[PDB]
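**Q** Contents are CSV, C-alpha atoms; file name upload25.csv:
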chain,number,residue,atom,x,y,z
A,1,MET,CA,102.3,175.2,137.0
A,2,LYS,CA,99.7,177.2,135.2
A,3,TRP,CA,100.9,180.0,132.9
A,4,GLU,CA,98.9,182.8,131.3
A,5,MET,CA,99.6,184.4,127.9
A,6,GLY,CA,97.9,186.1,125.1
A,7,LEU,CA,96.9,184.5,121.8
A,8,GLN,CA,95.4,185.9,118.7
A,9,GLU,CA,91.9,184.7,117.9
A,10,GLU,CA,92.8,182.9,114.7
A,11,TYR,CA,95.2,180.6,116.6
A,12,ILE,CA,92.7,179.8,119.3
A,13,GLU,CA,90.4,178.1,116.7
A,14,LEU,CA,93.3,176.3,114.9
A,15,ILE,CA,94.5,174.8,118.2
A,16,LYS,CA,91.0,173.7,119.2
A,17,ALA,CA,90.6,172.1,115.8
A,18,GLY,CA,93.9,170.1,116.2
A,19,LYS,CA,95.6,171.8,113.3
A,20,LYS,CA,98.0,174.1,115.3
A,21,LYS,CA,99.8,171.6,117.6
A,22,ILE,CA,102.8,173.9,118.4
A,23,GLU,CA,102.9,177.4,119.8
A,24,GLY,CA,106.0,179.3,119.0
A,25,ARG,CA,107.3,182.0,121.3
A,26,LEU,CA,110.5,183.9,122.2
A,27,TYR,CA,112.4,181.7,124.7
A,28,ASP,CA,112.3,184.7,127.0
A,29,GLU,CA,112.3,184.9,130.8
A,30,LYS,CA,108.6,184.1,131.1
A,31,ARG,CA,108.9,181.1,128.7
A,32,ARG,CA,112.1,179.8,130.4
A,33,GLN,CA,110.1,178.4,133.3
A,34,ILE,CA,107.7,176.2,131.4
A,35,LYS,CA,108.0,172.4,131.3
A,36,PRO,CA,105.9,169.4,130.1
A,37,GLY,CA,103.1,168.8,132.5
A,38,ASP,CA,102.3,172.5,132.9
A,39,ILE,CA,99.1,174.2,131.8
A,40,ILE,CA,98.8,177.3,129.6
A,41,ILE,CA,95.7,179.6,129.9
A,42,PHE,CA,95.4,181.5,126.6
A,43,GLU,CA,93.8,184.9,126.1
A,44,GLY,CA,92.0,185.2,129.5
A,45,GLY,CA,90.5,181.8,129.5
A,46,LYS,CA,89.4,181.4,125.9
A,47,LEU,CA,91.5,178.3,125.7
A,48,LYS,CA,93.4,176.0,128.0
A,49,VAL,CA,96.2,173.6,126.9
A,50,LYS,CA,98.5,171.0,128.4
A,51,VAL,CA,102.2,171.4,127.6
A,52,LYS,CA,103.5,168.1,126.1
A,53,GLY,CA,106.9,169.2,125.0
A,54,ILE,CA,109.5,172.0,124.9
A,55,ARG,CA,112.1,172.4,122.0
A,56,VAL,CA,114.3,175.4,121.8
A,57,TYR,CA,115.9,176.9,118.6
A,58,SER,CA,118.1,179.8,117.7
A,59,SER,CA,115.6,181.3,115.4
A,60,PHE,CA,112.0,181.2,114.1
A,61,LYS,CA,113.2,180.0,110.8
A,62,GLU,CA,114.9,176.9,112.2
A,63,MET,CA,112.0,176.3,114.6
A,64,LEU,CA,109.5,176.3,111.6
A,65,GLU,CA,111.7,174.1,109.4
A,66,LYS,CA,112.0,171.5,112.2
A,67,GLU,CA,108.5,171.6,113.6
A,68,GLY,CA,106.8,171.9,110.2
A,69,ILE,CA,105.2,175.2,109.3
A,70,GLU,CA,101.8,173.6,108.9
A,71,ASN,CA,101.8,172.4,112.5
A,72,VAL,CA,102.8,175.9,113.8
A,73,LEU,CA,101.1,178.4,111.4
A,74,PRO,CA,98.4,176.5,109.5
A,75,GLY,CA,97.8,178.0,106.1
A,76,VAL,CA,101.2,179.8,105.7
A,77,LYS,CA,102.8,178.5,102.5
A,78,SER,CA,106.4,179.4,103.1
A,79,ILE,CA,109.0,179.6,105.8
A,80,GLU,CA,109.7,183.2,104.8
A,81,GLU,CA,106.0,184.1,105.3
A,82,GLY,CA,106.2,182.3,108.6
A,83,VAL,CA,109.1,184.4,109.8
A,84,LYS,CA,107.2,187.5,108.8
A,85,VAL,CA,104.3,186.5,111.0
A,86,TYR,CA,106.6,186.3,114.0
A,87,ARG,CA,108.4,189.6,113.1
A,88,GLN,CA,105.1,191.4,113.7
A,89,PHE,CA,105.4,190.3,117.3
A,90,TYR,CA,109.1,189.9,117.9
A,91,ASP,CA,112.1,191.9,116.7
A,92,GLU,CA,115.3,190.4,115.6
A,93,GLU,CA,117.3,191.7,118.6
A,94,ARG,CA,115.0,189.8,121.0
A,95,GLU,CA,115.1,186.7,118.8
A,96,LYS,CA,119.0,186.7,118.8
A,97,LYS,CA,119.1,187.4,122.5
A,98,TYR,CA,116.7,184.8,123.8
A,99,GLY,CA,116.3,182.1,121.1
A,100,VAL,CA,112.9,180.6,120.1
A,101,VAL,CA,110.8,178.0,121.8
A,102,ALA,CA,108.4,175.5,120.3
A,103,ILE,CA,105.8,174.5,122.9
A,104,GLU,CA,104.0,171.3,122.0
A,105,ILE,CA,100.4,171.7,123.1
A,106,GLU,CA,97.2,169.7,123.5
A,107,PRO,CA,93.8,171.4,124.0
A,108,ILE,CA,92.0,170.8,127.2
A,109,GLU,CA,88.2,170.5,127.0
Just give me the structure of the file as structure tokens.
**A**
Amino acid sequence: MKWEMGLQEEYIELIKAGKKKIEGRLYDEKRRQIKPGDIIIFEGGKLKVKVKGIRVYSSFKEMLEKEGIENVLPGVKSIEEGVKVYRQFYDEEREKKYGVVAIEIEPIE
């Protein structure tokens, strides 16, 4: 399957460069249908990636600690800062309701 989802510009570059190897998202209805082998089209075609793995957590904090913040949000020095990044996109109620998913990705040329 091929899935479409938005992605901020700064992350598009980090993924292409091989620094950002994980895409964190709310494990919501849309994300609950993704499996390794699928393809994700980011920000209207600015980047295409292959899904290599799916790991679900109860929170962004736990996801970041297990996946390694440098592999998810390159440059962010602390887990607290990492959680803040996600809070700008996802509220705590949604996080508690759906859980969080770490999508292992590989850029497609």
**Q** Residues within 9 Å of residue A:83, please, as a PDB file with C-alpha atoms, keeping the file's coordinate frame. Count all atoms listed in the file; anything in the same chain fewer than 4 positions from it doesn't count.
**A**
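The new file selection06.pdb reads:
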ATOM      1  CA  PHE A  60     112.000 181.200 114.100  1.00  0.00           C
ATOM      2  CA  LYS A  61     113.200 180.000 110.800  1.00  0.00           C
ATOM      3  CA  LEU A  64     109.500 176.300 111.600  1.00  0.00           C
ATOM      4  CA  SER A  78     106.400 179.400 103.100  1.00  0.00           C
ATOM      5  CA  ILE A  79     109.000 179.600 105.800  1.00  0.00           C
ATOM      6  CA  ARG A  87     108.400 189.600 113.100  1.00  0.00           C
ATOM      7  CA  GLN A  88     105.100 191.400 113.700  1.00  0.00           C
TER       8      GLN A  88
END
**Q** Write out as a ChimeraX atom specification which residues come within 12 Å of residue A:11 when counting all atoms listed in the file, dropping same-chain ones fewer than 2 positions away.
**A** /A:6-9,13-24,42-43,46-47,71-75,107
**Q** Calculate how many Å separate atom CA of residue A:66 from atom CA of residue A:4, rounding to one decimal.
**A** 25.8 Å
**Q** Taking all atoms listed in the file into account, which of A:104, A:25, A:55, A:50 comes nearest residue A:85?
**A** A:25
**Q** Need the shell around residue A:93: protein/DNA/RNA residues with any atom at most 12 Å away, counting all atoms listed in the file. Skip same-chain ones fewer than 4 positions apart. Format as a ChimeraX atom specification?
**A** /A:26,58-59,87,97-99
**Q** Report, in Å to a single decimal, how far apart atom CA of residue A:101 and atom CA of residue A:39 are.
**A** 15.9 Å
**Q** Please measure the separation of atom CA of residue A:49 and atom CA of residue A:34, giving the value in Å to one decimal.
**A**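 These two atoms are separated by 12.6 Å.
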**Q** Given all atoms listed in the file as the basis, pick out the residue of A:40, A:10, A:54, A:102 nearest to residue A:68.
**A**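 Checking each candidate against residue A:68, we get A:102 as the closest.
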**Q** Between A:27, A:100, A:84, A:51, which residue has the minimum interatomic distance to residue A:63, considering all atoms listed in the file?
**A** A:100
**Q** Restricting the calculation to all atoms listed in the file, which member of A:44, A:92, A:103, A:29 is positioned closest to residue A:67?
**A** A:103
**Q** With all atoms listed in the file as the basis for distance, which of A:53, A:82, A:28, A:37 is at the shortest distance from residue A:69?
**A** A:82
